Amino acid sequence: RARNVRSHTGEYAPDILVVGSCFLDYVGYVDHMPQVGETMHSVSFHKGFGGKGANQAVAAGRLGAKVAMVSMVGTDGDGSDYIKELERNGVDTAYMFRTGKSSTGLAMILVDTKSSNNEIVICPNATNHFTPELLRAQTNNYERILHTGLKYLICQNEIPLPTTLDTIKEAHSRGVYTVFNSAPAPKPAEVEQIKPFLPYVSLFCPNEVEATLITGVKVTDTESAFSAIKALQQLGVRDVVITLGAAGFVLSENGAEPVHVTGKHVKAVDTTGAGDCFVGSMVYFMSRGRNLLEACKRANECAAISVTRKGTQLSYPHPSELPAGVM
């Protein structure tokens, strides 16, 4: 067993539960994109650890969060590699599920560095079988994972939508603070299914595109982001944070006056996974007792550090890197 073991008494029970995706990123660097029928060699290769779920857990875990990852991977070696990687990044793996019927989720990514273009094929694999019915069967109808000590749930939109929504509803009904980062961007039928669940979302944390799709407000800037916040509060979301990339974020804590905080001025080298870093960091700071605004300002700083380096999870900061007063 590479995975952690939970104890009878729950001594190591997490503060933060992430229920979402774990994908290996298989990155082949190529001199040109392959044409149909072409067999070629890569010029370089890189194996990365991704999935928005795992990214957010690892962002939190690297800062010292008592975070646990709930997901499905294979019994394959890729699954074991992920489980170990999570542990080494401070993420509890007791509630990682392993299937013999599917490979670990992964993305096959081709990168032309000369032209800086990508081609990506997402292979959710085991993730597609991470259903509410399976989750319930394996957790005694969520009792195993939603213990009374649990303060935060983080979900994304990278696992079957019913799993995300049912987990949010059940956690919220137990008084867990639910965080929903609706990434990747919901499709029109996903938006329709999400909206009735928004009352069970303590904190809705979309980017501009996602806020656009959910609310019907065209979000492009601070003022339109503030309108989006309003629509989201009307749909029953308590706390709203909308990230705006280089423009930072906007938020409203529980209907209060919305606030804008601009992006840090940094040399953006690679923003891949910056959003996940923001979300994971944000929730860690809330588990340390920061209020939403304090938490997002610090997340905004963490995500800004991440933007200055390549490597997605490899760019997420450790506490030593943060300015005084952030931790």
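Numbering starts at 1 and follows the sequence shown.
Per the compared records, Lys264 is unresolved in at least a third of the other entries whose models span it. Relative to one another, 62-70 and 265-273 have unequal mean CA B-factors, and 265-273 is the one with the higher figure. The PDB entry reports B-factors from which the mean C-alpha value can be compared for 85-93 and 115-123; the larger average falls on 115-123. Across the options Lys151, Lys218, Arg98, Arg136, the residue with the most elevated CA B-factor in the record is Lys218. Residue set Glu158, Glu192, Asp76, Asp239: peak C-alpha B-factor at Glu192 (per PDB entry). The PDB entry assigns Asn55 a C-alpha temperature factor belonging to the lowest third of its chain's modelled residues.
Annotation for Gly20: CA B-factor lies in the lowest third of the chain's modelled residues.
In the PDB entry, a CA B factor belonging to the middle third of its chain's modelled residues is recorded for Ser44.
Ranked within its chain, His129 lands in the lowest third, by CA B factor from the PDB record. Ranked by Cα temperature factor within the chain, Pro196 sits in the highest third according to the deposited record.
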